[PDB]
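Please note: Cβ atoms are built from the backbone with ideal geometry, for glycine as well, and neighbour counts cover all protein chains shown. All of this is worked out from the model, or read from it or from the source named; none is laboratory data.
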Amino acid sequence: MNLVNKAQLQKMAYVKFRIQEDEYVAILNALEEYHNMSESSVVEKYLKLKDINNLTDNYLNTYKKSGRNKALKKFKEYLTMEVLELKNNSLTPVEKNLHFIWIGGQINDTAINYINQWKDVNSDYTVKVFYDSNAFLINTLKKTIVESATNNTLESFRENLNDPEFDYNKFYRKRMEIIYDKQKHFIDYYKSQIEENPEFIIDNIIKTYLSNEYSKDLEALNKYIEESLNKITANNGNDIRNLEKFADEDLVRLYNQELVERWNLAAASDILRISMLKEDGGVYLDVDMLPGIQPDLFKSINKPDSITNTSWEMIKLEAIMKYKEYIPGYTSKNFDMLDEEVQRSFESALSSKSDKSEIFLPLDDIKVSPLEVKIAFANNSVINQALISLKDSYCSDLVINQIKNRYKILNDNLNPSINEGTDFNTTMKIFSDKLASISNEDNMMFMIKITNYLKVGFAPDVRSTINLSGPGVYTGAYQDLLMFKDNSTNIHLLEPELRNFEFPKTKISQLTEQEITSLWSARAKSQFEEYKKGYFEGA
Ligand SMILES: O=c1ccn([C@@H]2O[C@H](COP(=O)(O)OP(=O)(O)O[C@H]3O[C@H](CO)[C@@H](O)[C@H](O)[C@H]3O)[C@@H](O)[C@H]2O)c(=O)[nH]1
Ligand SMILES: [Ca+2]
C-alpha cells in the first residue's frame with residue numbers, strides 16, 4: 001500500500017506512442033516531489049496528495065477519451081489508500097483533556113455520577129465540563145413555551161377527545177403551529193434587545209421575557225441560575241464565556257442560533273464539542289457514556305449462549321453497579337434475569353477488586369493522527385457521542401467546515417422564509433420551495449433532511465440535527481478526507497472504510513442505562529395521552 005512511483009505510474013498509464021501531455025507531466029512531477037517529502041508534516045503530505053488528485057481529474061476532464069484514463073482512475077484509488085497509510089503512520093497521543101458539555105440548565109446528579117466515573121479513573125486527564133454561564137434558562141424558556149402551546153392545543157381539542165380522529169398526529173401538527181408563533185415572538189424580542197444593547201446577557205433577556213409574558217417569578221429564576229452556577233462550579237465546570245481564542249466568529253453565531261433561538265441544547269453541544277476539540281484537543285464524551293470495562297474483570301464468565309452480545313455488555317455494567325454501587329440508582333433489571341449461579345460468578349469477580357481502576361479501563365495514552373477525528377459507532381453507523389481529536393487536527397477543520405457550509409445553506413434559505421410568512425405553515429412552504437429550487441442529486445438528501453428544521457425538539461422523527469451538526473458532518477468530513485474534497489454531502493463511504501476512524505472499542509461503554517433511556521426520545525402516542533390525562537387528573 002506504499003504509493004506508486006512516478007516510474008511505476010508511467011507503467012500503469014502507458015499508451016504506446018502517445019504524447020506526454022502537459023497535464024500528464026504535471027501529475028508525474030507532483031508525484032515525484034511527494035516521494036521526496038519524507039521529512040514533511042503529515043498534513044503537508046496529505047495536501048501534496050490532495051494536489052495530485054486535483055491534477056489527475058483535471059487530466060481526465062481535459063482528455064475524456066484518453067487511453068490513460070483507466071489507470072489514472074486506479075491511481076486515484078491509490079491516493080485514497082495512501083491517506084490511510086499516512087493516517088496510520090502518524091499516530092501520537094491526544095492532549096489529555098477530557099470534555100463534557102452541559103448547557104441550558106442545571107446539571108443532573110446522573111450526569112455528575114457518570115462523569116465522576118471518568119474523573120475517578122482518569123487522574124492524568126483534565127476533566128472540563130463546558131457550560132454557558134449566560135444561558136441557564138434555555139430549558140426553562142423552552143419548557144414554558146412548549147407548556148403554553150400544549151395547553152392551548154388541548155383547549156381547542158376540548159370536546160373532541162374521543163372522536164373522530166384528533167390523534168397525536170394532529171396534536172403535534174397544531175401545537176407546532178403554536179410553538180413556532182411563540183418561539184418567533186421570543187426570537188424577535190431577543191433580537192431587538194441585542195440590537196439595543198449587545199452587552200445584554202441571554203439569561204437576563206430570558207428572565208425579563210418570562211416575567212412579563214409568562215408571569216414567571218424573577219426571584220425564583222435568579223435563584224435557579226444561582227444554584228446552576230454553584231453546582232457546575234463544584235463539578236469541574238468550565239465557563240465558555242471566559243475562553244478567548246477558541247472563538248470562530250461564524251461558529252459562535254451558530255452556537256447562539258442553536259442555544260438561544262432554537263433552544264436545541266443537543267445541536268449547540270454538537271457545535272461546541274468539535275470547536276473545543278479543535279481548540280483544546282482530547283476526548284469528548286456525552287454525559288451518558290461510562291468508561292470501558294477492564295477486559296479481564298469478567299473474561300472467565302462465559303456468556304450464556306441464548307443472550308445477545310448487546311444485553312451481555314449491558315449486563316456487565318449492571319453487575320458492576322449492583323456489587324460496587326458506584327452510581328446510586330443504577331438499574332439491575334437485566335442482571336436479575338440471569339441464573340443465580342451466573343449472578344454469583346459476577347459477584348465473585350467483583351470481590352477481589354480493590355479500586356475502580358481495576359473495574360473500568362483508564363484512557364491513558366490514546367493515539368490519533370493529525371489527519372483524523374475518531375468517532376464512536378452504534379449499530380454499524382458513526383455516532384458522535386464520543387470523539388477523539390488532536391488540537392488543530394486537519395479533520396476537526398473538515399468537520400467545522402462541513403457544519404459551516406451546511407448551516408449557510410440552511411440559513412440563507414430559512415431566514416428569507418421566516419421573514420416572509422404570516423405563520424408556520426406558510427414559512428415551511430416558502431422554505432421547502434426554496435430548498436427545492438437549488439436541490440440536485442448531490443445535495444437532495446440533505447435538503448430533504450433539513451426541510452423539517454423548525455420542528456426539531458417539537459415533534460418526533462425529525463432528523464435535521466443529524467445532517468447539520470451530528471453524525472452526517474463527520475462522514476461528510478471523512479469522505480472529504482479520503483476523496484480529497486471539501487463538499488461531501490452525498491456519502492458513498494461504507495462501514496468498513498469508516499471503521500478506520502473508530503474510537504477504540506475497549507475504552508468506552510456505550511450501553512449504559514442513561515444512554516438507552518436517551519435512545520427513546522418510534523413514536524409516543526403516549527404523550528398526547530398523558531397531556532390528555534393532565535386534564536382529568538388534577539384540581
Ligand atoms: O439540556 C441539555 C441536553 C443535552 N445537552 C448536551 O447534549 C448531549 C447529548 O444529550 P443526549 O441526552 O444524550 O441527547 P441524544 O439525542 O441522546 O444525543 C445524541 O444526538 C445528539 C445530536 O445532536 C448528539 O449531541 C449526541 O452525541 C448523541 O448521542 C449531552 O451530553 C449534553 O452535552 C446539554 O448540554 N443540555
Ligand atoms: Ca444519548
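Which of the residues that make up segment 277-321 are under 18 Å from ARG344 (Cα atoms), part of a helix (DSSP H, G or I) and either of a type outside the set (S, T, N, Q) or in contact with a helix residue (DSSP H, G or I) (Cβ under 8 Å, 6 or more places away or on another chain) (or both)? Step through it out loud before you land on a result.
The initial filter retains those residues of segment 277-321 that are under 18 Å from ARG344 (Cα atoms), namely 296-305, 307, 311-321.
Those left that are additionally part of a helix (DSSP H, G or I): 311-321.
Within segment 277-321, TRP312, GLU313, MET314, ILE315, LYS316, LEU317, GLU318, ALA319, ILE320, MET321 qualify.
Residues that are among the basic types (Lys, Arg) and assigned to a helix (DSSP H, G or I) were ranked within segment 110-168; the one that is farthest from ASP239 (Cα to Cα) is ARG158.
Remark: pairs (first residue in segment 516-527, more than 14 Å from ligand 1 (Cβ to nearest atom); second residue not polar (S, T, N, Q); Cβ separation under 8 Å; 6+ apart in sequence or on different chains) = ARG523/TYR168; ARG523/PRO460; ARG523/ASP461; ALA524/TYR168; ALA524/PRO460; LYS525/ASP167; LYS525/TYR168; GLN527/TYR168. Within segment 135-174, the set of residues being surrounded by fewer than 20 Cβ atoms within 10 Å (Cβ to Cβ) and aliphatic (A, V, I, L, M) comprises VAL146, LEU154, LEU161. Considering the conditions (1) closer than 30 Å to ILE178 by Cβ; (2) crowded, with 16+ Cβ neighbours inside 10 Å; (3) in contact with a helix residue (DSSP H, G or I) (Cβ under 8 Å, 6 or more places away or on another chain), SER432 is excluded by exactly one of them, (3).
Conditions tested, residue by residue: (1) small (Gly, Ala, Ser); (2) over 30 Å from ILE388 (Cβ atoms); (3) in the same structural domain as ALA135 (by CATH).
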{"site": "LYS11", "(1), (2), (3)": "no, yes, no"}
{"site": "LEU28", "(1), (2), (3)": "no, yes, no"}
{"site": "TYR46", "(1), (2), (3)": "no, no, no"}
{"site": "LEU49", "(1), (2), (3)": "no, no, no"}
{"site": "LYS64", "(1), (2), (3)": "no, yes, no"}
{"site": "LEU72", "(1), (2), (3)": "no, yes, no"}
{"site": "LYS76", "(1), (2), (3)": "no, no, no"}
{"site": "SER123", "(1), (2), (3)": "yes, no, yes"}
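Is segment 94-102 home to any residue that is more than 28 Å from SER369 (Cβ to Cβ) and either under 22 Å from the mean Cα position of the chain (by Cα) or away from ligand 2 (no atom under 16 Å from the Cβ) (or both)?
Narrowing segment 94-102 to residues more than 28 Å from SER369 (Cβ to Cβ): 102.
Narrowing further to those that are either under 22 Å from the mean Cα position of the chain (by Cα) or away from ligand 2 (no atom under 16 Å from the Cβ) (or both): 102.
Yes, segment 94-102 contains a residue that is more than 28 Å from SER369 (Cβ to Cβ) and either under 22 Å from the mean Cα position of the chain (by Cα) or away from ligand 2 (no atom under 16 Å from the Cβ) (or both).
Scanning segment 37-90 for residues being part of a loop (DSSP other than H, G, I, E, B) and in contact with a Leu (Cβ under 7 Å, 6 or more places away or on another chain) gives a total of 1.
Among the residues of segment 181-198, the ones that are under 30 Å from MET428 (Cβ atoms) and outside any helix (DSSP H, G or I) come to 0 in all. Take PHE360 and decide whether it is among the aromatic types (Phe, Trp, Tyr) and within 16 Å of ligand 1 (Cβ to nearest atom). For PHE360, the condition - among the aromatic types (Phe, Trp, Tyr) and within 16 Å of ligand 1 (Cβ to nearest atom) - is not met.
With respect to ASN264, is the statement that it is under 28 Å from the mean Cα position of the chain (by Cα) and either within 16 Å of ligand 2 (Cβ to nearest atom) or of a type in the set (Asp, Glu) (or both) true? Even if it seems obvious, please write down each step before you answer.
Details: under 28 Å from the mean Cα position of the chain (by Cα): yes; either within 16 Å of ligand 2 (Cβ to nearest atom) or of a type in the set (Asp, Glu) (or both): yes.
It is true that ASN264 is under 28 Å from the mean Cα position of the chain (by Cα) and either within 16 Å of ligand 2 (Cβ to nearest atom) or of a type in the set (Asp, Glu) (or both).
When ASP412, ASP392 are checked against the criterion of being in the same structural domain as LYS96 (by CATH), away from ligand 2 (no atom under 16 Å from the Cβ) and in a helix (DSSP H, G or I), a single residue qualifies: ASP412.
Whether a residue is in contact with a strand residue (DSSP E or B) (Cβ under 9 Å, 6 or more places away or on another chain), within 30 Å of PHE246 (Cα to Cα) and surrounded by fewer than 17 Cβ atoms within 10 Å (Cβ to Cβ) was assessed, and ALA378 passes this test. Among residues of segment 281-310 that are within 30 Å of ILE107 (Cα to Cα), those with a Cβ under 7 angstrom from a residue that is in a strand (DSSP E or B) and away from ligand 1 (no atom under 16 Å from the Cβ), sequence gap 6+ or separate chain, pair up as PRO291/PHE360; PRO291/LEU361; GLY292/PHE360; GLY292/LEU361; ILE293/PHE360; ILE293/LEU361; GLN294/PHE360; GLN294/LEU361. When the residues of segment 99-130 are filtered to those that are within 20 Å of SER269 (Cα to Cα) and of a type in the set (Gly, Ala, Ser), the one that is farthest from ligand 1 (Cβ to nearest atom) is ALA111. Yes or no: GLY329 away from ligand 2 (no atom under 16 Å from the Cβ), surrounded by fewer than 20 Cβ atoms within 10 Å (Cβ to Cβ), more than 25 Å from the chain's Cα centre (by Cα) and closer than 30 Å to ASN97 by Cβ? Yes.
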